[PDB]
Each structure stands twice: as C-alpha cells, then as structure tokens.
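A quick write-up on the structure given underneath.
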Ligand SMILES: CCCCCCCCCCCCO[C@@H]1O[C@H](CO)[C@@H](O[C@H]2O[C@H](CO)[C@@H](O)[C@H](O)[C@H]2O)[C@H](O)[C@H]1O
Ligand SMILES: CCCCCCCCCCCCO[C@@H]1O[C@H](CO)[C@@H](O[C@H]2O[C@H](CO)[C@@H](O)[C@H](O)[C@H]2O)[C@H](O)[C@H]1O
Ligand SMILES: CCCCCCCCCCCCO[C@@H]1O[C@H](CO)[C@@H](O[C@H]2O[C@H](CO)[C@@H](O)[C@H](O)[C@H]2O)[C@H](O)[C@H]1O
Ligand SMILES: *C(=O)CCCCCCCCCCCCC
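Residue numbers (the deposited numbering), protein chains in the order written: chain M, 1 to 459; chain j, 5 to 71; chain p, 3 to 172; chain o, 1 to 120; chain i, 1 to 36, 58 to 125; chain L, 1 to 547; chain l, 4 to 158; chain m, 65 to 73, 92 to 128.
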C-alpha cells in the first residue's frame, strides 16, 4: 500500500510548491493519476486476499472502497475551486492539504490488518473532517454541537477502544487474518452483551442508525460541497466497513442482539423516506435520503448471509457515487441562487437543459432503476431479508414506493413547472460543472457492465 | 396551405380523401358479407346441440325401475 | 467445441421436408439468400482470421492444485495448517457452486429442448438436479456470511450426530 | 343452464354433482360396456409434442391436422378438412360427456324413486 | 362598470409598446446569418438496408456462429415435431403411420 | 436456427441503432423522426422472418448469449426467449408503432423537441421488447421498470403544466405498488426454487404457488390498471396523443397481462389464483366501462375503454384461457391504437378541443377519420369477422361454458353491453348532429402522414384477426359445442347495447330539463375513487411525515 | 435578515401579538399563533388549511404556479398544499355521501363474488376423460410404479 | 425565509409491534426447520 501512501503524501509538496495559479491544475492532474493506479488493487483471488505486509492488506471489500476514495479526491477538487476562488492563496493550499490528509487516513483505514490500527485511523479521519466543515462551513453553527461529540465519544469511540483492548488480551491479537482462524463463539452473558454493544455502537452512529441520525442532516447543511461529498460518499461507509469486519467475532450473539437494530433500520427506513417528502432543503432531503439507504446496509450486515453481504457492498458503492452526485447537483444551483431552499428556483429544465439530464440520471439511480448497481445492491438485500422473514417484503416494498416518490418529487419541483420570475442570474452550465457530473454518473453506469468487482468478498 | 379555412361554413374537401374513405368503408362491408357467407357457423353455431331429454334409457344404460 | 459428456445433448431428429403445396416456400428461398449474403462472407472473414491464428500458436493451461490436509487434520489454533486447509476448502466451495450450475444448465436446456413433453422427458435431469442440490445444501447452507471450513465441519458433525442417534432409535 | 336452477333452487338430491360424478359403477345398467379405444400411441403424442390437455381421445385427428398445417405452408387455408375432422371428433367427445351427465342424473332419480318407494 | 379614464390610457400606452416589441421579434431576411426519382428513394433505402441490416447481421451472425454457439447450451432449440409418416434426415428412419381410424 | 437467431437479434439491435447514432454519427437532425420511423419499418420486416419460420414448423429458441453475473449457484445471463408469444407480439407491436410514429411525424410537427419526442418513443418501444423477450425474471424486471420510467417521461411531456407532472408521478406511484408483487415473486422463486429463469421455474413446477402468484397478480394489477390500482391510466391522458396511442396498445398496459400469460404453466394448476384473477378482472371490466358512459373528454373515454378491455383480458386469464388472452392483446392493439389516432385527428382539427360536447357534425367534414372511427368502433364491439371478433367472441364463448364464478360471468356480459354504449356515445356526439365547435373552421385531414398511418391500421383492424387466428397453432381444445343462447350471447348483448344507447343519446335532444342522478354522478366522478383516495391517502402520508 | 424579522417564541402579551402580526405582514385581527404546546410552532401564523388550487387562478400572482404573492405569509404545510399534492377544493358531492357510495359499491360487489363462488356456473357434462391411466406417465408420474388403472367406457 | 426557518427548526410503539411480528414469525419458522416440517428442498441461496 506504499505505492499509494507515498504518492498521496507527495500531493502536499506538489500543492505547496506549485505556481500560485496552478494549484488546482496540478493537484487535480496528479490525484487523477493516483486514481488510475488504484485499479491495480483488483488483483484479487477467489480464496486468499491480497496481503501486502504485516500492516496492510486488501480484499474485495476494501478494494472498491479504496478506488472510490481515490476517485473522489479529484472530484472534490473540481467541485471546490469555484467557491474558494476568492479565498487567499495560503488558505486554498490548507484546504487542499486537508483533503489530501483525509485521503491519506482513509486509504490506510480501509487496509489495516490490526483492528487497533484501524481504530486510530478511523478516528483520525475526523480531525480533517471537522476542520473542513467548521473552517469552510456555511454558518457559525457548530457541527460538533457538543451533545453529539459527547454522545458519540462516550457511547461510541471510548467503548470501542476498551472492547478492542479487551479482545487482544483475551485472544492475544487483533490482526484480522488471525481473527479468522482464532475466533471463538460468544456465549450469552451480561458482560458479552456490553462487549457486543461496545464493538458496534461506534459504527452504528457513523452509518448512521435511525434514532442516532439527527447529526447527519445538520452536518450536510453546514458543510462545504467537498465536505458533503466525502461525508456522504465514504465517511458513512467507514461505519459500514467496520461492521462488516467486526461481526466476524460477534457470533452467535448477533443472532438476537441484532433485533432492536434491525427493527430501528426497517422502520426507520420508511420513516426517513417519508420525511424526504416534506423537506424544504435540498441538502437535508439528500441527507435524509442517505439515512434511508444506509438503513438497508445495516439490515444486510446484521442478518449476515452471503447475499446480504454482496448486496451491502454494492449498496455502499452505489450510494457513494449517487449521493455525492446529488450533492454536486444541488450545489451547482446553490452557486447561482445562494439558497438551499428547494422551492425557490423551479422550472430549471427550461434554463439549463443539459443539467436537467444530469438531474434525471441522478434521480433514476437514486430510486434504483434496473439494472443500475443501485438496484443490484438493493435487490440483493431485499432477496436476503425475505428469507430472514417473508413479512419484510412489505416494508421493503413500501420503501421502494416512497423512494420513487421523493426522488421524482425532487426532480419535478426543481426542474419542471414554471420558472421563477425574479431569478434572472441563472447562467449557462460551465464545462467544469458538466464534467463534474459526468465523472460521477459514467463510472456508476459502466459498473453495470461488470458488477462483480463491487460485490465484495462473498462473491 | 392547399386548403383554405372557411368561416361558419362546411370545409373544402378533396376528392382523394372522399374516394379513399368510401373504398375502405365498402371494403369493410364486403369483407363482413364475404366471411358471413363462408363462415356463418362461427356466428350461429358449428355443431348441433343435443337435447338430453330425448336420449333413451337403453342408450344411457338406465336399469328398469324394478331391477 | 465443449465436452459432450459434461453438457450432453441427445441426437437431433429433424423430419425431412415433405411439401404438399404448389406455392414456393418463402423460407427456403430466404435461407438461400441468407446462406449467400450472410453466411459465406462471414465464413470468408473468419477463415482469414483463423489463418493468422494458425501462424501464431501458443498455449495456456488449467491450473492444478495439489491436495493438502483438511481442516479435520489441523491442530487447534495452528494457523499455518489451518490456512492451507481453509484455502483448499474455499476452492472446493467455489468449484461446488459451479457443479450445481452445470446441473441447472442441463435441467434448463432439457426443458426448452423437450417442449411440451418436458415433464416426462426431463425426469432424469430433474432427479439429478434434486440430488446435487440436496448435497450442496447439506455442505454449505446456513453457514453465514462468515463461513469457514471450521463451521462447515461443525455443521457436518452435528448432522453426523443426528444420523448416529436416529440409528439407535431404529 | 336450466340444470343450474334445478340444483340451486329445486331439489339438489337428484342432480349430478359436477366435481364428483360419476357416482355409480360404470358397468351398472350396462351388460358389458366397451372401453374407449385410443388410436394415437403414447410415444406418437410425445414426439408430436402435443399439449397435455390436447392428448385426449382425439389426438390422432390433431396429429394429422398439425402435419398438414406444416406441409401446406405458406397456404394457411390448406387444412380445412383436417381441422374439421378434429373439431368433429371433439364434438362427439363433448356429447359423450353430456350423456354421462344425463345418465348420472337419470340414475340419481332412479335411486330417489326407489328410496321413496321403500319408505312408502 | 367599465374602464376608468386612467385605466384606458395606461392600456393604450402599453399597447403601443407591446405591439412594437412583438414587431421587433420578426426576423430579418438574412437572419439567421449562418457560418459556412425512384432511384433516389431506392438509394436512400438501399444504403439504409446495407448500413442498418446487412452490416448488423454480418456482425450478429459472426458473433453467434463463432462465439456464442461454440459454448454449451447458449442457443437451445426446441426439438422439431415428429409426426407419424415422417422421415428423419439424420438417420433416414421412417416413422410408422397411425392405426387405421374408425369411420367417422 | 442460424438464420432464425440472427434475424431475431438484428430486430432488437436495429431498434437501438438510432439511439446509438444520437452520439453525432452522421447525425441529420433535419429528419431524425423520419429516421426513427424507417428503423421501425425495417425492424418490422426482419421480425416477420422469424415469425414465418415459427408459423411454419413451430421453431422456437432461447438465446443466452452473454454471461453477465454469477452469484454462487445463480447464473445470470442475457437470454432471449423467442417463442410463440415473442414471435407473434413483436410484429404486431412493430406494425402498430410504425403507424404511430408516422402519425407523430404530423401530430408533433410544431413541437420544438420533436427529435427528443421520437427518441423517447423508441426507448419506450425498446424497453417493451426487453420485457416480452426476457427469459429470466431479472431481465424481465429491466423491461418492466423501463416502460414505467418512459411512461413518466412521456406523460409529463409538457412539464410546465402541473397537471402533467401530477399524472406522471401518479403513474409511477401506482406502478411501484404493483412492483412489490414483482419483487415478492422474485424473492420467492429465488428462495423456494433456485432460479430466476422461466425454464427452471416451469421444470420444477411448484404446487405451493399461492405466494409467488399473488405477487404476479399484484404486479399485473398495477401495470395493467385493474381495479384498485386503476386511476392512473385515465390520468395518463395528460400526455400527447401519440403517447396515449402507444401506452394503450403496444406497450405499457398489456405488460401486466403479458406477465400472467408467461406464467400460465403455474396458473394452470392453481384454481385459487384463477378465481382471484377472474373476480379481479370482472369488476375492472365493468367498473371502468360504467365510468366511460358519462365521460365527456374523448381521450378519457378511450382510456376507460382500455381498462375495460384489460379487465376482459384478466378475466380470460382467470378462466384458464391464456392463449385467448394473448390473442386479444394482439387484436386489441390494432383498433385501439387507431381510435386514439382518430381522436387526435379530430382534436387537432378543432384546435386542441377534447370535449365531445364541442364536436359534432364531423361525419362528412372528416370522411377518412369517420371511416376509421366507425371501423375501429365496430372492431372494438365485436362486429363479426373484424379484428376484434376473433378474440372477444371466443372469450365470451369460453367464459360461458367454463366452471366459473357466476357473478363474474354476469359482470363480464354487462360490460360487453356497455362497450356498445360508450362506443356509440363517441360516434353520436363526435360525428353526428350539427357542429358545436367554434366558427373558424380549420378541419383538414389531407396529410399523407395522417392518411397513410391510419390506413395501415385500418387494414389491420379488418384482416389482422383473421390472418393471425388462421396461422397460430392450436394450443388448446376450443369448446365448440354449446347451446344457441350461449353461442350468440356476445352478439346479442352487443346489439342491445347499441339499441339501448340510441334511445339515451336521442333523449339528449328533447327540450326537457335534465335532473342529476346518484348513478350519473357516480359514473361521472369515476365512483369517487380518485376524489377520496387521491386526497385522503396523500394527506395521511404527508401530514404523517412532518410529525 | 435581522433576528427581529424571524420566527420567535409563542407570543404572550397583546403587545407581542401585535409585534408578530406586523412581522408576518398580517393585520392584528387576522393573526393568531398555533396552540402553545410542545409542537414548537412558535409564533408562526396559523393560516386557513386550504390548497393553492382554491386561489383565484386569474389573479396576477407573483408566483403563478404556486399562486403566492411576494411577502405574503406561507401556510405551514404549504409544500403539502402545492397544486401537485393535496387538494381541498369543494366537491360537487358531499364528502360523506361519496364515501358511503364508494364503500357500498365495493362491499356489495365483494359479497356477490363470494356468492358466485358458492354457486358456480357450469355446463351439464361429465368430467373430461384422458387415456393411458389419466395420462399418468405424461404428467411426470413415477414409471417404476404402476398406477391403479383408470378405465373409460363408451357411451 | 421565515417559512423555511420555522420548518427546519406513535414513537417507539411501531418498533415494539414490528419486533413481535418478526420475532414470532422467525420463531415459528425456526421450530419447523428443526422438525423437518419446513420445505427447503431447492433452497440453497441465502
Ligand atoms: C488495448 C491495448 C492494450 C495494449 C497492452 C496489451 C497488449 C499486449 C499484447 C501482447 C500479447 C503477447 O502474448 C504472447 O504472444 C506470443 C506469440 O508468439 C507468445 O509467444 C510464445 O508462444 C509460442 C510458444 O510459447 C511461440 O509461438 C513463441 O515463440 C513464444 O515466444 C507468448 O507466449 C504470449 O504470451
Ligand atoms: C453493434 C455494432 C453495430 C455497427 C453499426 C455500424 C454503423 C453503420 C451505420 C453508418 C451509417 C449511419 O447513418 C445514420 O443513419 C441514417 C442512414 O441513412 C441517416 O439518416 C438518413 O436517413 C433517414 C431516413 O432514411 C433520414 O431521415 C435522414 O435525414 C438521413 O440523414 C443518419 O443521419 C445517419 O447518422
Ligand atoms: C353492476 C351492478 C352495480 C350495482 C351496485 C349497487 C351497490 C352500490 C350502492 C351505492 C349506493 C348505496 O347507498 C346507500 O344508501 C343511501 C343511498 O343509496 C345513502 O344514504 C343516503 O343517500 C341518499 C342521499 O342522502 C338518500 O336518498 C338516502 O335516503 C340516504 O340513506 C348511503 O350513504 C349509502 O350507503
Ligand atoms: C347454464 O348454461 C349456465 C351458464 C350460462 C350463464 C349463467 C348466468 C348466471 C346468472 C347470474 C347469477 C349470479 C349469482 C352471484
């Protein structure tokens, strides 16, 4: 993994040593080259994973998440440079440096063998994240509202640290390869119930789980576009990636300890989709859309069948590209009207014809139109949870109806109908914006031709 | 505009549309009469329908009332 | 092209044309038009390509995996022996998925081939599909997403205990 | 038909039950019936790939019609005689079913007549 | 119940401008200033059949004959119907007739 | 098989070529609509060659050409089932689409986005042919949702109109409710069997098929707009008239019926599902026919005519006659697509007037439109030996002589009579009488695109039923022995419907003052299903969201 | 926007009620808050629960598709009352009568279908007969076994 | 602005309900599988 760590670090000298007017050109060009070389990680095997060294490994789960992470850095740079153009030069380089350091922690996080090494990096990603959201965020409101920092660290980060420390004492190691052979069953015990919650609550909050999700809409309304892109696309998948790994050592206690979280996810899947129908803020609508989609991933991970793990991996990648594109589409409107209200500017298809095509494609993938990988992932989770209990088809089906409703409602409200009379500064879509959208959707649709490389290790 | 609009009057027609409308109206009636002549059974009935009250006890194998 | 024994097909019986109408058969004429405008030009192009291929002849091979001890022979917590047995079990699991796929493809090919008589003429294919699916279910069903040779063996021993017990009951 | 008014409004005791009839021995009342003879062998229908519902006691006339239909193409008007033989052979079968229903009804009346001849 | 004298005057003044504006939407003769019989129907159709039928079937036939049909069970025919009195091409077999039908 | 299979795929591949050429390959936006019509016309010719081979010797194939994905023991491939139903439906749909596209070349002439309109019709056709030829459930799902989205994009064509956006989103809502049944079948077939292939499903032939078949009945209920999920089809009239012609004939609405026909080997042996689809169809066929009696919008009447005929198709499925249900899909596509093209011809002449109360006196003013409308109306109402008679007549005979629900049979016969009433209603108010339209007369049907497009469907509406019914092979034993009063029931109630409708129409001329009735308001307002359901259901959901 | 032109806490005193009424461009007699409870509406006006389809379509609205003027207070549930969603326009038939006729129609048809199952229609014919033991072998029956024979006789 | 400011500024019951619906179903299903009374003849995908 040093062939990706070292070039990523070298983006920092490159950014600080570029000519003043070349910082965006230089970093975007070279970060796209790192993204190109990330495709060499797809040297996967049917039986073994790609174990590079004592610290890092890659398997079919982390590999697609790594490629998505490395793809997103150039896209974030393209999306950020317009609104940072009035920023002074030293602050543009610090902003770029935060994004590079965020990628450095993410690629290391997804490949760490040792779960304690994963924990330190899994938390180090918050330092660049909060700095980006707060220092370049919209308002004076605190994303780390204090209550959320306390609840998360007390009920999430700290219990996970103690559980991991406890596990290594008992097992003698937290290397994930070792945990595959030395795993022992978890018997019923009040102490074991608390180990289970400790091992899972941190990832539940980051997913987020329904009932622990109110932080996510607040963060999106405050974050800059790059913040929303990384947060939606990857940072939520850190919780999903963590659960897919740590559930190896939690059986068979997950057989019953998962019921409350499945209930929260199955019900919260419908409650958050319905909320999307009465959202007045695009960024909030997309944020609640992510909660609904990540409810499927939690259910898939907790019932742990081969089909649900394949569906979970596909869902995480598909949502990453789709939710990121939706935030970029909303941001482009915001950069003209300077408001997140969804009802303010209407009938935009009349004024921006091609951008309306990007909107339609983003909405069709969001509502899981076949054969997009959005549906492939969602169908697999639906197929698996039907076996878990046939009644779930009712809740899964109803959510499919509602998801189509708010996806097209968002498309209809903003793109169709009569345009707003007094808004007279809607300039034609820039090449930068059109290319930003097409770099989201083309890879998303091309993956329909070869879905196996996003189906994870269970494939 | 080879057909001028008129005010409060019957529109100007062409011969081509009137002749074609009549040819296909007359085709429909020729077809219905031609088929009815040759396939009248399809409308009235292909085969006779027996009256079961006529079948004798011998052929239905009904034993005499005292057997 | 493929192996006829693995993917069997019965001998084809096509009845001879026995026309009883003076009208020309437009299908036979379109067949000649196809055999002339489409097949022959296509065949010429392919034959040229296959000539280039014959000039350059190189070979690829089907990888062979020597057998190693199973998980039943590994020492507890001996990862070095558990690793090789675990990889071997995964390879066999992947192969067994494709053995079931071959049997399903036979069943589906049979149904289409037999037309309206498939219920009687595909009973052998149905029986074979039934037994293979049963054997696959016995091995690998209900192991979970975190399956392994160890959990496969635990399932087997549990099944072996139930079989052994019902023998006493008999 | 009138038979439905009889069974639902009138006396259902002397009306054949469609889902269970015949309820009397086939020989009863018949000094030695003949069995129905099937012309088409069982392999012939299998080769012809007849639909199972079509593999009844008329299949030989359908096997003939399907052969002529293939052999007269393009002429899709070339098999009216083969088609009519199959249609007629099916009509005769339908009439035979109509006799069984009447036979079952007549007998159910004979039973009733004899049951109430006794108690009298 | 009609227009007040100011209402009529405002309407008249907006009529002049509105009608002048619409007259100004008409295009000049030069505008837009752009930058720099059976055979015909047969050629258009003949070239269409070649590009949109012949080439596609050449590619499809090549694909099916040499790439699809060379893999097992990719194109599965329904077996032809055999009727009594047929002659099998592959073997020369002769399917026997059916029994003599009873009169009908 | 080399010619059969090659020509089977070139038809599909050919229809996608105008889509690929949109990437500026010799692009000639001068006449893209003409290019699309030509591709359909050539696609019709090539599709007729496999059809002849099937007609000849019953040849059928499966083409599983591309292996897409394997999920352990579930291999997914791009597989096309080129069988009885695909053979015969594809030429009909291509023939009908060819006429609708030539008609659209005239109807949509002034639309600035003419090219985009024709691209959407082509995609709308492609997703239907993915549906019909699909050989596994996943590929069937791609087409199933494909038509749904194109329905949304074409119903909401005029996107500045809020009513158009509301009808487009209504179609999606009602159709995705039906898709719960589709995924339920997919989940059941994957779990209880181990396949989404139709071949392995029929080979295993489960008896405990209530759950997967209730899922398919629900999926067909929404897509083909049976009672319960039906209001969206009338609402879909917001789209341009050429959209309604395709929607109501050779694409979306018959997909629900087509799905149940595909699975007849399962519905054969399930008397419970047969009883559900019989009753489900029977109420639909009557209820929608009753609604059409009092409608005044010409597009609404024809839209309810479709729901009533789709109800009759669902009845045919429920009396265990799937091959007659298919024959009705084929025949119905001819005269129903024509009726929409005749309404559009009238609507266009009268400057976008769709209310029959503002029509009248068109019998001579529009002679060729009148001829096609009369032929179309007679074909719809089962006039002997026209295209509609070869399916409707046999369906009523087969329903009469089956072991059937008695109430469903009576409701099916009354709906047949009502068909003659609203068909008369269109002829009486649109063509007869004195003109009731504005004083500046722009009536002009003299356009070769309009004449030729309607003429081809008129020829189909005369001979298509006879030609098809004489070429398809027997798959059932048609029941031809039956009493006279059951044999002639369909014709008799059709004739009494015509007689009973003349009296009602003529009383509109008496100088008597009407009096509204509870029955009249019930039929006019569509039984109040939209007014109650479309207000109450959104209210409960939307108010629930905020709190 | 300043903080004094924004929604605030529930108004207690008539002086405040005046201040909020002015804040919302409403007259004092028209203004009324929502009931003071945990719902958290604040001092936002409670406006008539009507859809935008009831507003004069001919008036020259600033937002013609929403039929809203600029500066006019927006109903709380406005996004639920846009012309694409809930409509409250007066109906030609009273709401309660509509529900009784619709439910009465569905109730009467469902009952009648149940009766139709109880008393099915059928023709006066015996069962269809099939050869070879009711097609025992064709229906996939086991050929190692022998079926108890079914015999059909001529009538 | 005032509208979107105010807007942007039952409960456990359904969760308890759904818990008993699914928990009961999966207990009935689990019992049948151990008694061999549940048909899974061809079920090998999960
Ligand atoms: C899209 C563009 C992508 C560009 C990059 C990928 C293209 C690379 C193509 C190189 C392929 C060469 O593949 C190579 O072909 C030669 C043909 O003699 C073979 O060569 C070998 O084969 C046989 C015997 O083994 C002999 O004919 C030959 O003397 C020997 O050297 C190699 O065993 C094979 O590996
Ligand atoms: C799967 C592989 C498929 C390989 C296909 C290879 C491409 C072969 C096509 C090359 C020629 C395509 O030509 C493309 O279609 C027709 C051809 O007449 C043209 O269209 C032309 O004919 C139509 C009617 O026939 C007219 O309406 C149009 O005005 C005229 O320009 C398109 O403007 C052109 O862009
Ligand atoms: C194909 C055959 C179809 C036949 C369908 C027949 C069943 C449908 C019945 C719908 C009407 C039911 O009517 C039921 O009684 C009356 C009106 O009838 C209504 O109640 C009221 O209606 C009207 C108006 O106020 C009054 O004249 C009536 O006296 C009063 O009872 C009930 O609210 C309704 O429940
Ligand atoms: C006799 O021939 C039976 C078949 C003919 C049609 C029967 C008509 C049924 C009358 C309606 C009864 C409704 C009971 C719910």
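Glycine is no exception: its CB is placed at the ideal position from the N, C-alpha and C atoms.
Check	Outcome
Span of the beta strand (DSSP E) around residue 118/l	Taken as a continuous stretch (DSSP letters only), residue 118/l belongs to no beta strand (DSSP E), being part of the alpha helix (DSSP H) at 98-121.
Secondary structure of residue 41/p, DSSP reduced to three states	helix
Nearest to residue 152/M (by Cα), restricted to the options 214/M, 30/M, 227/M and 265/M	214/M
Interface flag, residue 30/p vs chain i, CB-CB below 8 Å	no
Range covered by the alpha helix (DSSP H) that runs through residue 284/M	282-303
Counted within 10 angstroms of its Cβ, other Cβ atoms place residue 37/o as buried (16 or more) or exposed	exposed
Own chain residues within Cβ distance below 7 Å of residue 136/M, not counting five before or after	95 and 224
Contacting positions in the region 50-62 of chain L - beta carbon closer than 7 Å to chain p	52, 53, 56 and 62
Interfacial residues, the region 140-154 of chain l to chain o, with Cβ spacing under 8 Å	140, 141, 142 and 154
Cβ pair count under 8 Å reaching 3, the region 299-315 of chain M against the region 244-253 of chain M	yes
Extent of the continuous alpha helix (DSSP H) run through residue 254/L	252-262
Given residue 479/L as reference, the closest of 38/j, 66/j and 46/j once Cα atoms are compared	46/j
Contact check, residue 284/M vs residue 187/M, beta carbons under 8 Å	no
Below-8 Å beta-carbon distance, residue 120/l vs any chain o residue	no
Stretch pair the region 307-321 of chain L + the region 213-227 of chain L: three plus CB contacts closer than 8 Å	yes
Local conformation of residue 97/o per DSSP, three classes	helix
Contact under 8 Å by Cβ, residue 232/M with residue 173/M	no
CA-to-CA distance, residue 208/L to residue 385/M, given in whole angstroms	21 Å
Chain-ordered neighbours of residue 9/j on chain o, where CB pairs are closer than 7 Å	Here the premise fails: no neighbours, minimum Cβ distance about 49 Å.
CB contact check: residue 200/L to chain p, cutoff 8 Å	yes
Pairwise C-alpha distance: residue 533/L and residue 110/m	37 Å
Stretch-stretch touch, CB-based, cutoff 8 Å, three pairs: the region 448-462 of chain L with the region 53-62 of chain L	no
Partner residues on chain M for residue 67/l, Cβ-Cβ distance less than 9 Å	418 and 421
Residue 206/M beta carbon near ligand 1 (any heavy atom closer than 7 Å)	no
Cross-strand partners of residue 156/l (DSSP beta bridge)	35/o
C-beta neighbour in chain o for residue 48/j, strict 8 Å	no
Proximity below 8 Å, CB of residue 319/L to CB of residue 398/L	yes
Whole-angstrom C-beta distance between residue 15/M and residue 26/M, which should lie under 8 Å	7 Å
Uninterrupted alpha helix (DSSP H) stretches inside the region 375-437 of chain L (no shorter than 4 residues)	389-400 and 406-431
Residue 98/o Cβ short of 7 Å to ligand 4 heavy atom set	no
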